[PDB]
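Next comes query-v5.cif, with mmCIF, C-alpha atoms.
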```cif
data_input
loop_
_atom_site.group_PDB
_atom_site.id
_atom_site.type_symbol
_atom_site.label_atom_id
_atom_site.label_comp_id
_atom_site.auth_asym_id
_atom_site.auth_seq_id
_atom_site.Cartn_x
_atom_site.Cartn_y
_atom_site.Cartn_z
ATOM 1 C CA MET X 1 -3.923 7.078 -2.969
ATOM 2 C CA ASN X 2 -6.288 4.787 -5.172
ATOM 3 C CA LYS X 3 -4.671 4.284 -8.720
ATOM 4 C CA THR X 4 -5.476 7.881 -10.066
ATOM 5 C CA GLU X 5 -3.365 9.711 -7.325
ATOM 6 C CA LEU X 6 -0.731 7.249 -8.807
ATOM 7 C CA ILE X 7 -1.171 8.867 -12.375
ATOM 8 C CA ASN X 8 -0.676 12.455 -10.951
ATOM 9 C CA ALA X 9 2.553 11.249 -9.087
ATOM 10 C CA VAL X 10 4.141 9.898 -12.327
ATOM 11 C CA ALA X 11 3.234 12.787 -14.508
ATOM 12 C CA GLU X 12 4.430 15.313 -11.777
ATOM 13 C CA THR X 13 7.874 13.526 -11.144
ATOM 14 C CA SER X 14 8.664 12.834 -14.872
ATOM 15 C CA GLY X 15 6.570 15.121 -17.254
ATOM 16 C CA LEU X 16 5.087 12.376 -19.506
ATOM 17 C CA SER X 17 1.276 12.430 -20.128
ATOM 18 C CA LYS X 18 -1.765 11.647 -17.812
ATOM 19 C CA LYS X 19 -2.643 8.856 -20.404
ATOM 20 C CA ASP X 20 1.144 7.719 -20.346
ATOM 21 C CA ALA X 21 1.163 7.638 -16.427
ATOM 22 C CA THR X 22 -2.122 5.493 -16.327
ATOM 23 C CA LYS X 23 -0.510 2.998 -18.800
ATOM 24 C CA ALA X 24 2.913 3.054 -16.992
ATOM 25 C CA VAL X 25 1.316 1.951 -13.629
ATOM 26 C CA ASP X 26 -0.498 -0.910 -15.651
ATOM 27 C CA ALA X 27 2.977 -1.483 -17.252
ATOM 28 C CA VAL X 28 4.822 -2.127 -13.910
ATOM 29 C CA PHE X 29 1.774 -3.926 -12.303
ATOM 30 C CA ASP X 30 0.792 -5.895 -15.528
ATOM 31 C CA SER X 31 4.303 -7.532 -15.818
ATOM 32 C CA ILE X 32 4.240 -8.315 -11.945
ATOM 33 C CA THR X 33 0.818 -10.131 -12.033
ATOM 34 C CA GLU X 34 2.284 -12.181 -14.992
ATOM 35 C CA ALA X 35 5.437 -12.812 -12.735
ATOM 36 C CA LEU X 36 3.448 -14.070 -9.623
ATOM 37 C CA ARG X 37 0.756 -15.830 -11.745
ATOM 38 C CA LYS X 38 3.507 -17.781 -13.760
ATOM 39 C CA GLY X 39 5.821 -18.731 -10.720
ATOM 40 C CA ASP X 40 8.373 -15.862 -11.352
ATOM 41 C CA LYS X 41 10.307 -13.433 -9.075
ATOM 42 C CA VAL X 42 10.168 -9.680 -9.889
ATOM 43 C CA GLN X 43 12.766 -7.166 -8.467
ATOM 44 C CA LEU X 44 12.994 -3.434 -7.368
ATOM 45 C CA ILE X 45 16.542 -2.485 -5.999
ATOM 46 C CA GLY X 46 16.683 -0.358 -2.773
ATOM 47 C CA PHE X 47 12.840 -0.717 -2.154
ATOM 48 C CA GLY X 48 11.082 -4.138 -2.786
ATOM 49 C CA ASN X 49 11.449 -7.806 -3.925
ATOM 50 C CA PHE X 50 8.107 -9.545 -4.911
ATOM 51 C CA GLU X 51 7.694 -13.329 -5.227
ATOM 52 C CA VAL X 52 5.023 -16.079 -4.939
ATOM 53 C CA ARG X 53 4.648 -18.947 -2.337
ATOM 54 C CA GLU X 54 3.554 -22.198 -4.129
ATOM 55 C CA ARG X 55 2.308 -24.536 -1.294
ATOM 56 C CA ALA X 56 3.249 -28.281 -1.251
ATOM 57 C CA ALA X 57 0.418 -30.335 -2.952
ATOM 58 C CA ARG X 58 -0.924 -32.881 -0.417
ATOM 59 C CA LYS X 59 -2.007 -36.622 -0.597
ATOM 60 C CA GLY X 60 -5.721 -37.537 -0.065
ATOM 61 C CA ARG X 61 -6.084 -41.307 -0.601
ATOM 62 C CA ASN X 62 -8.232 -44.300 0.487
ATOM 63 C CA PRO X 63 -8.558 -44.692 4.423
ATOM 64 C CA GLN X 64 -8.699 -40.819 4.713
ATOM 65 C CA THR X 65 -10.644 -39.839 1.452
ATOM 66 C CA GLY X 66 -11.703 -42.948 -0.635
ATOM 67 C CA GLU X 67 -10.311 -41.978 -4.126
ATOM 68 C CA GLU X 68 -6.501 -41.775 -4.748
ATOM 69 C CA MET X 69 -5.340 -38.192 -5.750
ATOM 70 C CA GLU X 70 -2.599 -35.579 -4.955
ATOM 71 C CA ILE X 71 -4.447 -32.418 -3.632
ATOM 72 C CA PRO X 72 -3.158 -29.419 -5.911
ATOM 73 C CA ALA X 73 -0.963 -26.396 -4.919
ATOM 74 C CA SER X 74 -1.714 -22.661 -4.826
ATOM 75 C CA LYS X 75 0.692 -19.665 -5.380
ATOM 76 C CA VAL X 76 0.361 -16.827 -2.763
ATOM 77 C CA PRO X 77 1.625 -13.216 -3.677
ATOM 78 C CA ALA X 78 4.082 -11.266 -1.551
ATOM 79 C CA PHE X 79 6.216 -8.072 -1.541
ATOM 80 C CA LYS X 80 9.430 -7.740 0.544
ATOM 81 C CA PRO X 81 10.425 -4.096 1.607
ATOM 82 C CA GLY X 82 13.859 -4.882 -0.141
ATOM 83 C CA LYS X 83 15.469 -4.508 3.420
ATOM 84 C CA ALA X 84 16.110 -0.849 2.364
ATOM 85 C CA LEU X 85 12.446 0.350 2.785
ATOM 86 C CA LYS X 86 12.599 -1.418 6.301
ATOM 87 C CA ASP X 87 15.354 1.257 7.109
ATOM 88 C CA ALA X 88 13.314 4.227 5.516
ATOM 89 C CA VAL X 89 10.214 3.362 7.629
ATOM 90 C CA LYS X 90 11.630 2.387 11.148
ATOM 91 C CA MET M 1 13.348 -8.596 -12.874
ATOM 92 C CA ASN M 2 15.722 -6.225 -10.782
ATOM 93 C CA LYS M 3 14.463 -2.563 -11.467
ATOM 94 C CA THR M 4 15.844 -2.283 -15.116
ATOM 95 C CA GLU M 5 13.717 -5.230 -16.563
ATOM 96 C CA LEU M 6 11.018 -2.850 -15.083
ATOM 97 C CA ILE M 7 12.190 0.101 -17.407
ATOM 98 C CA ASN M 8 11.949 -2.154 -20.566
ATOM 99 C CA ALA M 9 8.346 -3.267 -19.465
ATOM 100 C CA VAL M 10 7.086 0.367 -19.256
ATOM 101 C CA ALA M 11 8.700 1.599 -22.395
ATOM 102 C CA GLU M 12 7.498 -1.576 -24.334
ATOM 103 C CA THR M 13 3.778 -1.357 -23.082
ATOM 104 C CA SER M 14 3.472 2.484 -23.430
ATOM 105 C CA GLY M 15 6.120 3.947 -25.893
ATOM 106 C CA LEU M 16 7.568 6.669 -23.582
ATOM 107 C CA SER M 17 11.406 6.800 -23.184
ATOM 108 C CA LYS M 18 13.943 4.477 -21.340
ATOM 109 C CA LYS M 19 14.849 7.627 -19.209
ATOM 110 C CA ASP M 20 10.986 8.338 -18.744
ATOM 111 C CA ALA M 21 10.349 4.634 -17.630
ATOM 112 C CA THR M 22 13.300 4.782 -15.046
ATOM 113 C CA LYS M 23 11.787 8.034 -13.565
ATOM 114 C CA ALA M 24 8.179 6.623 -13.646
ATOM 115 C CA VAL M 25 9.270 3.596 -11.515
ATOM 116 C CA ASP M 26 10.889 6.071 -8.931
ATOM 117 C CA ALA M 27 7.608 8.067 -9.283
ATOM 118 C CA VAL M 28 5.148 5.288 -8.120
ATOM 119 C CA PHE M 29 7.802 3.886 -5.663
ATOM 120 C CA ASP M 30 8.747 7.501 -4.481
ATOM 121 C CA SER M 31 5.004 8.122 -3.561
ATOM 122 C CA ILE M 32 4.698 4.661 -1.741
ATOM 123 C CA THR M 33 7.915 5.672 0.288
ATOM 124 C CA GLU M 34 6.312 9.094 1.163
ATOM 125 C CA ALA M 35 3.100 7.107 2.238
ATOM 126 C CA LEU M 36 5.038 4.459 4.297
ATOM 127 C CA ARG M 37 7.686 6.771 5.843
ATOM 128 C CA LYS M 38 5.053 9.534 6.701
ATOM 129 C CA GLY M 39 2.184 7.268 8.175
ATOM 130 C CA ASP M 40 -0.074 7.532 4.967
ATOM 131 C CA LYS M 41 -1.765 4.732 2.925
ATOM 132 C CA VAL M 42 -1.291 4.122 -0.844
ATOM 133 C CA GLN M 43 -3.921 2.506 -3.213
ATOM 134 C CA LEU M 44 -4.088 0.495 -6.532
ATOM 135 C CA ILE M 45 -7.483 -0.923 -7.870
ATOM 136 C CA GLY M 46 -7.256 -4.544 -9.208
ATOM 137 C CA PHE M 47 -3.685 -5.144 -7.698
ATOM 138 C CA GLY M 48 -2.817 -3.630 -4.206
ATOM 139 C CA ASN M 49 -3.252 -1.591 -0.989
ATOM 140 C CA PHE M 50 0.067 -0.728 0.827
ATOM 141 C CA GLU M 51 -0.017 0.701 4.383
ATOM 142 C CA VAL M 52 2.326 1.072 7.388
ATOM 143 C CA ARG M 53 1.791 -0.376 10.950
ATOM 144 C CA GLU M 54 2.842 2.215 13.652
ATOM 145 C CA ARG M 55 3.637 0.338 16.958
ATOM 146 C CA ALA M 56 1.418 1.151 20.021
ATOM 147 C CA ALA M 57 3.875 2.650 22.670
ATOM 148 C CA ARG M 58 4.652 0.622 25.867
ATOM 149 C CA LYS M 59 7.426 0.051 28.561
ATOM 150 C CA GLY M 60 7.855 -3.763 29.010
ATOM 151 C CA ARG M 61 8.675 -6.931 26.985
ATOM 152 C CA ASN M 62 8.203 -8.569 23.535
ATOM 153 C CA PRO M 63 5.549 -7.202 20.969
ATOM 154 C CA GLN M 64 7.388 -7.209 17.527
ATOM 155 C CA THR M 65 10.974 -8.266 18.591
ATOM 156 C CA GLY M 66 11.105 -10.812 21.554
ATOM 157 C CA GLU M 67 13.283 -8.463 23.827
ATOM 158 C CA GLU M 68 12.852 -6.347 27.073
ATOM 159 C CA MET M 69 12.807 -2.572 26.034
ATOM 160 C CA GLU M 70 11.046 0.856 25.771
ATOM 161 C CA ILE M 71 8.599 0.504 22.798
ATOM 162 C CA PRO M 72 7.344 4.143 21.574
ATOM 163 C CA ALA M 73 6.416 3.689 17.885
ATOM 164 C CA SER M 74 7.870 2.078 14.823
ATOM 165 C CA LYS M 75 6.138 2.007 11.359
ATOM 166 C CA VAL M 76 6.272 -1.469 9.681
ATOM 167 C CA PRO M 77 5.664 -1.739 5.803
ATOM 168 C CA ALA M 78 3.046 -3.877 4.086
ATOM 169 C CA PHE M 79 1.469 -4.549 0.634
ATOM 170 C CA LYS M 80 -2.002 -6.138 0.174
ATOM 171 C CA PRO M 81 -2.587 -8.044 -3.203
ATOM 172 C CA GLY M 82 -5.850 -5.867 -3.482
ATOM 173 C CA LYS M 83 -7.893 -9.206 -3.185
ATOM 174 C CA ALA M 84 -7.915 -9.131 -7.044
ATOM 175 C CA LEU M 85 -4.232 -10.247 -7.491
ATOM 176 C CA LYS M 86 -5.044 -13.095 -4.898
ATOM 177 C CA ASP M 87 -7.681 -14.288 -7.546
ATOM 178 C CA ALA M 88 -5.157 -13.960 -10.559
ATOM 179 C CA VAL M 89 -2.524 -16.080 -8.724
ATOM 180 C CA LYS M 90 -4.776 -18.820 -7.027
#
```

Can you give me the file's structure in the form of structure tokens?
Amino acid sequence: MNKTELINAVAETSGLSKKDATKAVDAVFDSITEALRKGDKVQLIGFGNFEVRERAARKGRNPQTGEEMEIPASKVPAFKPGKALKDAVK
Amino acid sequence: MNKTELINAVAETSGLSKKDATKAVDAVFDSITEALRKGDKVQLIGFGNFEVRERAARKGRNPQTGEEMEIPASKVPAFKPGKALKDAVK
């Protein structure tokens, strides 16, 4: 696919519009980027469970670094195959 | 989410129907499952690149599973954050 073969899937399976299928992809995927970016779990039953991995902020202080500070986290994005896709694909 | 907080995202961002947003989720996610189950790759610009990993046939011990067995193929599902989501979420 690419993101446009996505639009022709939606509009073939449902009978919306080509403009409504372009929006509807950036309707799923716009609410998911706001889920992972804000520390929030999504959910898709029988197919996929997305969530983020916020790493544990470290300690860099004095004999190791010089200045006292906790080294910040970062959230990492992921998609589970909901278990169910792992049976579809085996 | 769950799969129904999905339907209210689509129908709020686009103005389709609640029945058209339920279909349009199992429109995108029906075409990923035809990519992943059949060997094909998906594609989404600014968000993702899903693709399956077909196992390379052997007769021996421990590639994916940690057990002694006959290996001949098995497709394993994946989702890339398109690089672009990895910048959103950092």

Restrict the distance test to only C-alpha atoms, flag each residue of chain X within 8 Å of chain M, and return the flagged residues as an mmCIF file with C-alpha atoms, in the frame of the given file.
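Once written, selection.cif looks like this:
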```cif
data_model
loop_
_atom_site.group_PDB
_atom_site.id
_atom_site.type_symbol
_atom_site.label_atom_id
_atom_site.label_comp_id
_atom_site.auth_asym_id
_atom_site.auth_seq_id
_atom_site.Cartn_x
_atom_site.Cartn_y
_atom_site.Cartn_z
ATOM 1 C CA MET X 1 -3.923 7.078 -2.969
ATOM 2 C CA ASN X 2 -6.288 4.787 -5.172
ATOM 3 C CA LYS X 3 -4.671 4.284 -8.720
ATOM 4 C CA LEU X 6 -0.731 7.249 -8.807
ATOM 5 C CA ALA X 9 2.553 11.249 -9.087
ATOM 6 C CA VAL X 10 4.141 9.898 -12.327
ATOM 7 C CA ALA X 11 3.234 12.787 -14.508
ATOM 8 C CA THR X 13 7.874 13.526 -11.144
ATOM 9 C CA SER X 14 8.664 12.834 -14.872
ATOM 10 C CA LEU X 16 5.087 12.376 -19.506
ATOM 11 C CA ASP X 20 1.144 7.719 -20.346
ATOM 12 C CA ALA X 21 1.163 7.638 -16.427
ATOM 13 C CA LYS X 23 -0.510 2.998 -18.800
ATOM 14 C CA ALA X 24 2.913 3.054 -16.992
ATOM 15 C CA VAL X 25 1.316 1.951 -13.629
ATOM 16 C CA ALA X 27 2.977 -1.483 -17.252
ATOM 17 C CA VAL X 28 4.822 -2.127 -13.910
ATOM 18 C CA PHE X 29 1.774 -3.926 -12.303
ATOM 19 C CA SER X 31 4.303 -7.532 -15.818
ATOM 20 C CA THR X 33 0.818 -10.131 -12.033
ATOM 21 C CA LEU X 36 3.448 -14.070 -9.623
ATOM 22 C CA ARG X 37 0.756 -15.830 -11.745
ATOM 23 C CA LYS X 41 10.307 -13.433 -9.075
ATOM 24 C CA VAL X 42 10.168 -9.680 -9.889
ATOM 25 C CA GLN X 43 12.766 -7.166 -8.467
ATOM 26 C CA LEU X 44 12.994 -3.434 -7.368
ATOM 27 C CA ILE X 45 16.542 -2.485 -5.999
ATOM 28 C CA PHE X 47 12.840 -0.717 -2.154
ATOM 29 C CA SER X 74 -1.714 -22.661 -4.826
ATOM 30 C CA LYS X 75 0.692 -19.665 -5.380
ATOM 31 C CA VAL X 76 0.361 -16.827 -2.763
ATOM 32 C CA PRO X 77 1.625 -13.216 -3.677
ATOM 33 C CA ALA X 78 4.082 -11.266 -1.551
ATOM 34 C CA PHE X 79 6.216 -8.072 -1.541
ATOM 35 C CA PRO X 81 10.425 -4.096 1.607
ATOM 36 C CA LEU X 85 12.446 0.350 2.785
ATOM 37 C CA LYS X 86 12.599 -1.418 6.301
ATOM 38 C CA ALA X 88 13.314 4.227 5.516
ATOM 39 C CA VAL X 89 10.214 3.362 7.629
ATOM 40 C CA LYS X 90 11.630 2.387 11.148
#
```

Would you mind aligning chain X to chain M, a least-squares fit over all C-alpha atoms taken in order, and returning the superposed chain as a CSV table (one decimal) with C-alpha atoms, keeping the file's coordinate frame?
```csv
chain,number,residue,atom,x,y,z
X,1,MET,CA,12.1,-8.7,-15.2
X,2,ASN,CA,14.8,-6.8,-13.0
X,3,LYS,CA,14.0,-2.9,-13.3
X,4,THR,CA,15.4,-2.4,-16.9
X,5,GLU,CA,12.8,-4.9,-18.5
X,6,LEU,CA,10.4,-2.5,-16.6
X,7,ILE,CA,11.9,0.6,-18.7
X,8,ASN,CA,11.3,-1.3,-22.1
X,9,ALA,CA,7.7,-2.2,-21.0
X,10,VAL,CA,6.8,1.5,-20.4
X,11,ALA,CA,8.4,2.9,-23.4
X,12,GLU,CA,6.8,0.1,-25.6
X,13,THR,CA,3.2,0.6,-24.2
X,14,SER,CA,3.2,4.5,-24.2
X,15,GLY,CA,6.0,5.9,-26.5
X,16,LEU,CA,7.8,8.2,-24.0
X,17,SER,CA,11.6,7.9,-23.7
X,18,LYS,CA,13.9,5.2,-22.2
X,19,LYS,CA,15.2,7.9,-19.8
X,20,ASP,CA,11.4,8.9,-19.1
X,21,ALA,CA,10.5,5.2,-18.4
X,22,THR,CA,13.5,4.7,-15.9
X,23,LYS,CA,12.3,7.9,-14.0
X,24,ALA,CA,8.5,6.9,-14.2
X,25,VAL,CA,9.2,3.5,-12.4
X,26,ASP,CA,11.2,5.6,-9.7
X,27,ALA,CA,8.2,8.0,-9.8
X,28,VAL,CA,5.5,5.3,-8.9
X,29,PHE,CA,8.0,3.4,-6.5
X,30,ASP,CA,9.5,6.6,-5.0
X,31,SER,CA,6.1,8.0,-3.8
X,32,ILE,CA,5.1,4.4,-2.4
X,33,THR,CA,8.3,4.0,-0.3
X,34,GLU,CA,7.5,7.6,1.1
X,35,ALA,CA,3.8,6.2,1.7
X,36,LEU,CA,4.9,3.0,3.7
X,37,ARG,CA,7.9,4.8,5.4
X,38,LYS,CA,5.5,7.6,6.7
X,39,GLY,CA,2.5,5.4,7.8
X,40,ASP,CA,0.4,6.1,4.6
X,41,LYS,CA,-1.8,3.9,2.3
X,42,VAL,CA,-1.2,4.0,-1.5
X,43,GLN,CA,-3.8,2.8,-4.0
X,44,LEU,CA,-4.0,1.1,-7.6
X,45,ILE,CA,-7.7,0.4,-8.7
X,46,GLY,CA,-8.5,-3.0,-10.3
X,47,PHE,CA,-4.9,-4.4,-9.4
X,48,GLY,CA,-3.3,-3.6,-5.9
X,49,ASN,CA,-3.7,-1.8,-2.6
X,50,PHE,CA,-0.4,-1.3,-0.6
X,51,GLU,CA,-0.2,-0.4,3.1
X,52,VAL,CA,2.1,-0.8,6.2
X,53,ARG,CA,1.6,-2.8,9.4
X,54,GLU,CA,2.8,-0.8,12.5
X,55,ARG,CA,3.2,-3.4,15.3
X,56,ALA,CA,2.0,-2.6,18.9
X,57,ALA,CA,4.9,-1.2,21.0
X,58,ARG,CA,5.4,-3.5,24.0
X,59,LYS,CA,6.2,-2.9,27.8
X,60,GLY,CA,9.6,-4.1,29.2
X,61,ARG,CA,9.8,-3.0,32.9
X,62,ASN,CA,11.4,-3.9,36.2
X,63,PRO,CA,10.7,-7.7,37.3
X,64,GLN,CA,11.1,-8.7,33.5
X,65,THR,CA,13.8,-6.2,32.3
X,66,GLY,CA,15.1,-3.9,35.2
X,67,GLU,CA,14.7,-0.4,33.5
X,68,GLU,CA,11.2,1.0,32.8
X,69,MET,CA,10.6,1.6,29.0
X,70,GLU,CA,7.9,1.0,26.2
X,71,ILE,CA,9.6,-1.3,23.5
X,72,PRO,CA,9.2,0.7,20.1
X,73,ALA,CA,7.1,-0.3,17.0
X,74,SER,CA,8.1,-1.2,13.4
X,75,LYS,CA,6.1,-0.7,10.1
X,76,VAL,CA,6.0,-3.8,7.8
X,77,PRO,CA,5.3,-3.2,3.9
X,78,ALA,CA,2.6,-5.1,2.1
X,79,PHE,CA,0.8,-5.2,-1.3
X,80,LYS,CA,-2.8,-6.5,-1.7
X,81,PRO,CA,-3.7,-8.0,-5.2
X,82,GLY,CA,-6.7,-5.4,-5.1
X,83,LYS,CA,-9.1,-8.5,-5.2
X,84,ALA,CA,-9.2,-8.0,-9.0
X,85,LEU,CA,-5.6,-9.4,-9.7
X,86,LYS,CA,-6.8,-12.5,-7.4
X,87,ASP,CA,-9.4,-13.1,-10.2
X,88,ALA,CA,-6.8,-12.5,-13.1
X,89,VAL,CA,-4.4,-15.1,-11.6
X,90,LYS,CA,-6.7,-18.0,-10.3
```

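If you look at CA of residue 71 (chain X) and CA of residue 58 (chain X), they are 4.8 Å away from each other.
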
Any chance you could resolve the PyMOL selection byres ((chain X and resi 69) around 6) against this file and give the residues as a VMD selection string?
-> chain X and resid 60 68 70

Interatomic distance, CA of residue 72 (chain X) to CA of residue 82 (chain M) (Å, one decimal) =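 Interatomic distance, CA of residue 72 (chain X) to CA of residue 82 (chain M): 23.8 Å.
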
In Å, rounded to a single decimal, give me how far CA of residue 84 (chain M) is from CA of residue 84 (chain X).
->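 Atom-to-atom, CA of residue 84 (chain X) to CA of residue 84 (chain M), that is 27.1 Å.
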